């Protein structure tokens, strides 16, 4: 979880650096693009540079497994227990 947590953050930082410089986005919008791309939500418009498109294609393949792995350990063993160890008054 600490590790998975670190990878995800490093992955989102990379994305954020990439999209602010190549697509011209403010940091916050570039992190947002990164997270909604990798969680496969995708509610923003697509990148407008060919360079953005290529990076996004590869970023998607490398990131998704990471992000979803983090999301899965996050849910199965930081929430349910918390949540369940929670019922038992």
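Take the two forms, superpose them, and find the largest set of C-alpha atoms that agree within 1.5 Å; that set is the rigid core. Numbering follows the first chain given and starts at 1.
Note on 71-79 and 16-24: with rigid core alignment, C-alpha atoms in 9 other deposited structures of this protein sit farther from this form for 71-79.
When the other structures are laid on the shown form by the rigid core, the stretch among 62-70 and 6-14 with the greater C-alpha deviation in 9 other deposited structures of this protein turns out to be 62-70. Looking at mean Cα B-factors across 40-48 and 55-63, the upper value is held by 55-63.
In this crystal structure, the stretch out of 66-74 and 16-24 whose C-alpha atoms carry the higher mean B factor is 66-74.
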